[PDB]
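First structure 1, then structure 2: two forms of the same chain, each alone, as structure tokens.
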Structure 1
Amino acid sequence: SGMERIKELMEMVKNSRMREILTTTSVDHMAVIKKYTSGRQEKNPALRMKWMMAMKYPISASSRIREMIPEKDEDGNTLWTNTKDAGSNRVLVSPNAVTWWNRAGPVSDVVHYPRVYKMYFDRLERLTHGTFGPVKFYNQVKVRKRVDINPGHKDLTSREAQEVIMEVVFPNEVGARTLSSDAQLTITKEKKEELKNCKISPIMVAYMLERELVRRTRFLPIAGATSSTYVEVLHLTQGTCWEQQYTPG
């Protein structure tokens, strides 16, 4: 509970080049040297995926796959191979190993997809219980205006919600700022209660909280209702010459 990382830091400061980096680079300069790179960079990822999936092992994954997925399939397909390097902890994976996991891997009782992506399930519940009217044909007069694509929380702005997120997920990292609104205090209290003993990683919890609390706005051509439940089905309810009558669930 804190001794592992300090022993690792001692092992790194034993190296002189690592010590020179860690003592001469400040926290501000770590944002620079984190994005440092020196090799040539590969462009055109769509073309590269077109010819890479004709290969046998386009996927790279951790060495832990060697304990989790068998080397060969029942059909005879080799599911993974060791990398070209001499002593890396990495493998090259066939897409048959992804298919092997999805048909015969270990079945977990708990999954985290409906909690984390609850906003999309709410969109789906509004669509599944939606009511369609008739389509009327006439000339649609669309005014380009700023509407909400994500309503956020009613009591917060986007910046207030971002401060709420930093308080809920990373409370020792917020620095000098304080939650200057009782809405921020109540929503921070509620979300800190909801997320006790969370197995989900903190960056995923932060993005989940961004999808819940933060309002996003966009400039869109709008013919009718400008509410956020109607902006998400804008492709469905309006076109150039037609209007689909729709009430969300």
Structure 2
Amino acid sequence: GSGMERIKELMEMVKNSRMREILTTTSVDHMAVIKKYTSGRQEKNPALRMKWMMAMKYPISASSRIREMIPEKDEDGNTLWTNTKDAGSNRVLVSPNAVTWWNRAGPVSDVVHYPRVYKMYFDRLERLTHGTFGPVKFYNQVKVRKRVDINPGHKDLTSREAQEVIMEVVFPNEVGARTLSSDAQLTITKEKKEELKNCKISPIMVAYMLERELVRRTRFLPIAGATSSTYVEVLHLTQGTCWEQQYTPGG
């Protein structure tokens, strides 16, 4: 029983008349419009609303599985979750003491893919930690809005090719008419399919991990100095309005 659960879910949804009308009338191009459909009063100040929502006992709404993972009362007597008034749905009101209790007395696990998913930021930190700073020099600054390489990507793969590589790796049936037209593309594809054999992770997560490893982004920025890819990340640090910090990234 694998594909009959979602097919009976679709049968239950088509049993409703309004959902049948909406599923039959809205095309797959129009589902990119009704995904962002929002009918309701919008909070005009989320900062102020978080300020006065955090002053209440239960500002978090997490799933009902938290009724079995964490207790209801802490060691010092702090209540961690309460239910809602006549709402037995899979969402209960939680306390931030529950979050602190999970971070101090919850179950440990294995964390080996968190430096693998976020290897871009760990590469940034390893390049900044081993960087070697020079002195500051004060003069007037002439900074040009150049399309510099913020995310380097991969060699011999454009932005139009790396996204197709990722879509062939993690979503191989949902491609379309696109075809792979390089000789190192197939070796990269075989290596990425080999590395992602045993992943109990969401496919969007490995999709975005391969995106931040392979897809090259460029953005216009005022640069006065080295326009290499490892200098645009420290663009808030190596230049200002009246000075220029000299810095060589480690590596």
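We call the rigid core the largest set of C-alpha positions that still match within 1.5 Å between the two forms. By convention here, residues take numbers in order along the sequence of structure 1, the first being 1.
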C-alpha based rigid-body angle between structure 1 and structure 2, smaller part relative to larger, in degrees, is 11
Using a rigid core superposition, the C-alpha offset of residue 120 between structure 1 and structure 2 in Å is 0.1
Expressed in angstrom, the C-alpha movement of residue 86 between structure 1 and structure 2 on a rigid core superposition is 3.3
After superposing on the rigid core, the Cα of residue 172 moves between structure 1 and structure 2 by an amount in angstrom of 1.3
